[PDB]
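J.:
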Amino acid sequence: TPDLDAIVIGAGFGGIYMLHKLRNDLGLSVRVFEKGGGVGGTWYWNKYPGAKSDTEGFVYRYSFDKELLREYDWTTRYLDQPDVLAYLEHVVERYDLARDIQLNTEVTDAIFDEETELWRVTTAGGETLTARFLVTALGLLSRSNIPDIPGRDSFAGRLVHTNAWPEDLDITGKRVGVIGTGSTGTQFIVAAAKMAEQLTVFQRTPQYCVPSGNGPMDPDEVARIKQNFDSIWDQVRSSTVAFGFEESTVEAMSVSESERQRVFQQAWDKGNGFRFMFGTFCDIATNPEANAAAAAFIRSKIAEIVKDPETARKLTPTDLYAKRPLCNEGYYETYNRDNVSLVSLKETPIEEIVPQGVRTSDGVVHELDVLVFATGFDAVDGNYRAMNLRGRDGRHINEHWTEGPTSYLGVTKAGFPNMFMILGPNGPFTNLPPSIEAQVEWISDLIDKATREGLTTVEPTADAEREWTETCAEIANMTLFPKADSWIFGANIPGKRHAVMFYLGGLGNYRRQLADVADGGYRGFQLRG
Ligand SMILES: Cc1cc2nc3c(=O)[nH]c(=O)nc-3n(C[C@H](O)[C@H](O)[C@H](O)COP(=O)(O)OP(=O)(O)OC[C@H]3O[C@@H](n4cnc5c(N)ncnc54)[C@H](O)[C@@H]3O)c2cc1C
Ligand SMILES: Nc1ncnc2c1ncn2[C@@H]1O[C@H](COP(=O)(O)OP(=O)(O)OC[C@H]2OC[C@H](O)[C@@H]2O)[C@@H](O)[C@H]1OP(=O)(O)O
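With the numbering used here applied, the sequence shown corresponds to residues 418 to 946, in that order.
(1) If you run the structure through DSSP and keep just helix, strand and coil, what is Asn805?
(2) For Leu826 versus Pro877, is the C-beta distance shorter than 9 Å?
(3) Flag this pair as yes or no: are the beta carbons of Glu534 and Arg549 separated by less than 9 Å?
(4) Can you tell me the Cα-Cα spacing of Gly432 and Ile839, whole angstroms?
(5) State the Cα-Cα distance for the pair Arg945 and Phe833, rounded to the nearest angstrom.
(6) Since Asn580 contacts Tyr512 with CB under 8 Å, what's their CB separation in whole angstroms?
(7) Under 8 Å: does the beta carbon of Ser655 sit that close to some heavy atom of ligand 1?
(8) Just the C-alpha distance for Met670 and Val875, rounded to the nearest angstrom, thanks.
(9) If we ignore side chains and look at the alpha-carbon of each, how far apart do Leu737 and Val797 end up?
(10) Is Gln498 near ligand 2, judged by its Cβ being under 8 Å from some heavy atom?
(11) Should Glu484 and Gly630 be called a contact, given that it needs their Cβ atoms to be closer than 9 Å?
(12) Could I get the ranges of all uninterrupted beta strand (DSSP E) runs contained in the region 817-875, with 3 residues as the minimum, in chain order?
(13) Quick one: Cα of residue 405 to Cα of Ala707, how far?
(14) With H, G and I counted as helix, E and B as strand and the rest as coil, what does DSSP make of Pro628?
(15) Assuming the contact rule is C-beta atoms closer than 8 Å, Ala610 and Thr751 should be a hit. Round their C-beta distance to whole Å, please.
(16) Within 8 Å: the Cβ of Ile839 and any heavy atom of ligand 4?
(17) Output the boundary residues of the beta strand (DSSP E) element that contains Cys744.
(18) Are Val658 and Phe695 closer than 9 Å when you measure CB to CB?
(19) Tell me the rounded alpha-carbon separation between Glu891 and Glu663.
(20) Sort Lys687, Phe430, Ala855 by Cα distance to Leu502 and report the nearest one.
(21) Does ligand 2 have even one heavy atom less than 8 Å from the beta-carbon of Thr792?
(22) Count the C-beta pairs between the region 643-653 and the region 674-688 that are closer than 8 Å, then say yes if the count reaches three, no if not.
(23) Can you list, in chain order, the residues of its chain with a C-beta nearer than 6 Å to that of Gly808? Leave out the 5 residues immediately preceding and following it.
(24) Considering only residues of the region 716-774, which uninterrupted beta strand (DSSP E) runs meet the minimum length of 3 residues and lie entirely inside it, listed in chain order?
(25) What three-state label does DSSP hand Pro877 in the structure shown?
(26) Less than 8 Å separating the Cβ of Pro842 from some heavy atom of ligand 2?
(27) Quick check: is any heavy atom of ligand 2 less than 8 Å from the C-beta of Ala608?
(28) Jot down the residue ranges of each uninterrupted alpha helix (DSSP H) in the region 626-675, minimum 4 residues, whole runs only, in chain order.
(29) With a cut-off of 8 Å, do at least 3 Cβ pairs link the region 810-828 to the region 842-858?
(30) Would you kindly work out how many angstroms separate the C-alpha atoms of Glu473 and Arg487, rounded to a whole number?
(31) Do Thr622 and ligand 2 come close, with the Cβ less than 8 Å from some heavy atom?
(32) Report whether the distance from the Cβ of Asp517 to the nearest heavy atom of ligand 1 is below 8 Å.
(33) Would DSSP call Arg478 helix, strand or coil?
(34) Are the CB atoms of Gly780 and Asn909 nearer to each other than 9 Å?
(35) Just tell me which of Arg869, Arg741, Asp570, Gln615 has its CA closest to the CA of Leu558.
(36) Is it buried or exposed for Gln683, if we count other Cβ within 10 angstroms and need 16 for buried?
So this is what it looks like as structure tokens:
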């Protein structure tokens, strides 16, 4: 007999909903462990100025509770961090979840016992307990990556990663530097430039940013959207990227040059990064000719916006438009401010961090009070590999992942019976809340089957998992995404394996795969009583 039916790790969107399903809906005994001092995941940790959703707020929320969709108000087109956090706190209150979420608790070990067919979890505080089922909602974008830049530990001021931003830090009137220009670093830059006495941006790789279109919502428009949420969510769950817009079915090069310009400009004016990539034409990320056209449009905007042509040049990417789409309010415009400087680390790399700042290879010591690492995450697999997570035969998860992280269907793992993953390796690449929902709901159904039928283990086969790897690789190779150097394929961290880590088929196809597996008697699973 285990201590609990189930243990959930993580109290982000994922673990919150998992706890609700397993405790409230199924009536199991459940505990969540979260290493943070508060619930919210991303939206707890990322307290930096400018932190916000790039999913439009209307669909950056749960959908499973229709009354909550009716009731809950948003007032800005995108949601700032404190607003997403307050939403998640409200959900935890609504479903009486806080009583079974244990904060400040890092799980350091999770070990399957093949004799009792139970999981044993160990906390950093030195406690252990057992459960029948283990759900890891560890986050795809949660394990901070802080590069080992020479001299980093000598810096005498406030040195922080964005995912560890301290609530008390006020950068107003300070000399601030930021390393990194992905989604985090760019939205930070926009906010920080308005506060800092001087902002220095250390940019290794410029990205193709488009407008977000953010601003206030008309409350009459929020009421209309609420009235139409059924249809809105149907469209979301059937789409590829789940961002709440209709995805184009038109090949970019099938129209005239003027029509292509007009479509790109309409999207630019409407805002949203995924809208630019997938709402314009159907083949931006698959057809190099189409991709070139999209990239050219954005470069031409950069050239129009940025007044200093050297600064414009340094901001202008020349690689494939196939990193995760970025958007912001007034990003390129920020570089027209007198108090913002841009350092191209291609041209003048960092030589050394020093007590007073950062020294680049031109010998210039950039003096800083605050140095901000917007350097991203050990994405997807980082918190799995960090854990002492062992399955059958006492084998660590790392022994299974020597050519990249793997799963069956994004949510289970061969050799790890009764372990379910929320946004594990090789799952969907979308607006994440509705993918989380698909996964939580699927996992809930399988766990309930186990309960009703008296199953002691559920596990995927090694063949099924290999087949899923091949499926993901095949889909990924039909796209330009593998040729974009970013965190999505592991390439961002030195020594990390370059490998497919997402199913790139989209949410609608992903939901069908899950459904087809379940309706076919859990094709690929060994179910034992
Ligand atoms: C700044 C930022 C903005 C983003 N904006 C968007 C957006 O607009 N749209 C979108 O679709 N996605 C966005 N994302 C991705 C975002 O993480 C997801 O949308 C969603 O918040 C993921 O929820 P989750 O529960 O899967 O993971 P997370 O919110 O990452 O939560 C996982 C939690 O697990 C905890 N944890 C991990 N390991 C352990 C352990 N061993 N023991 C105990 N606790 C542990 C972590 O502390 C963390 O709190 C963004 C990410 C960032 C960083
Ligand atoms: N050693 C070193 N030196 C200099 N610069 C470095 C270094 N390591 C990383 N970086 C840069 O930091 C940035 C990290 O971006 P990203 O991984 O997208 O992380 P984000 O947090 O912005 O976004 C991740 C996701 O969170 C939410 C949403 O899905 C986002 O995509 C990027 O500009 C990197 O440049 P590089 O040269 O490109 O590697």
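Every residue gets a Cβ at the ideal spot worked out from N, C-alpha and C, and that includes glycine.
T.: So, from the data block:
(1) It is a strand residue.
(2) Contact: yes.
(3) In this structure, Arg549 lies closer than 9 Å to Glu534 by Cβ.
(4) The alpha-carbon atoms of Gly432 and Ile839 are separated by roughly 8 Å.
(5) Our two residues, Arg945 and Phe833, have alpha carbons roughly 14 Å apart in a direct line.
(6) No, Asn580 and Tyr512 are not in contact; Cβ-Cβ is about 26 Å, not under 8 Å.
(7) No - ligand 1 has no heavy atom lying nearer than 8 Å to the Cβ of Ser655.
(8) Taking the straight line joining both Cα atoms gives about 48 Å.
(9) Between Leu737 and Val797, the C-alpha separation is close to 23 Å.
(10) Every heavy atom of ligand 2 is 8 Å or more from the Cβ of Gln498, so no.
(11) Cβ distance not < 9 Å, so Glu484 and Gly630 don't count as in contact.
(12) At a cut-off of 3 residues, the continuous stretches assigned as beta strand (DSSP E) that sit fully inside the region 817-875 are 836-838.
(13) Since the first residue shown for the chain is 418 and the last is 946, residue 405 is missing from the structure and cannot be characterised.
(14) DSSP, read as helix, strand or coil, puts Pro628 in strand.
(15) With a beta-carbon spacing of about 5 Å, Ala610 and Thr751 fall inside the 8 Å limit used to define contacts.
(16) In the structure shown, ligand 4 is absent; the only ligands present are ligand 1 and ligand 2.
(17) DSSP places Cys744 in the uninterrupted beta strand (DSSP E) bounded by 743-745.
(18) It is a contact, given that the beta carbons lie within the stated cut-off.
(19) Distance from the CA of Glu891 to the CA of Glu663, rounded to the nearest whole angstrom, comes to 25 Å.
(20) The shortest Cα separation from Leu502 among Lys687, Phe430, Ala855 belongs to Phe430.
(21) Yes.
(22) Touching, no.
(23) So the list reads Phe529, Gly832, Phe833, once near-sequence residues are dropped.
(24) Entirely contained in the region 716-774, the beta strand (DSSP E) runs reaching 3 residues are, in chain order, 743-745, 757-761, 767-771.
(25) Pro877: strand per DSSP, three-state reduction.
(26) No; taking the cut-off as 8 Å, the Cβ of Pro842 has no heavy atom of ligand 2 nearer than that.
(27) Checking every heavy atom of ligand 2 against the Cβ of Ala608, none is found closer than 8 Å.
(28) DSSP runs (the alpha helix (DSSP H)) wholly in the region 626-675: 636-644, 646-655.
(29) As far as the Cβ criterion goes, the region 810-828 touches the region 842-858, which means the pair count is three or higher.
(30) Counting only the Cα atoms, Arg487 lies some 17 Å from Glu473.
(31) It does: the Cβ of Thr622 is within 8 Å (strictly closer) of some heavy atom of ligand 2.
(32) For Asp517, the shortest C-beta to heavy atom distance toward ligand 1 is 8 Å or greater.
(33) Correct three-state label for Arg478: coil.
(34) The answer is no: Cβ separation not under 9 Å.
(35) Here the closest residue by C-alpha is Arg741.
(36) The residue in question, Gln683, is exposed, as its Cβ has fewer than 16 Cβ neighbours within 10 Å.
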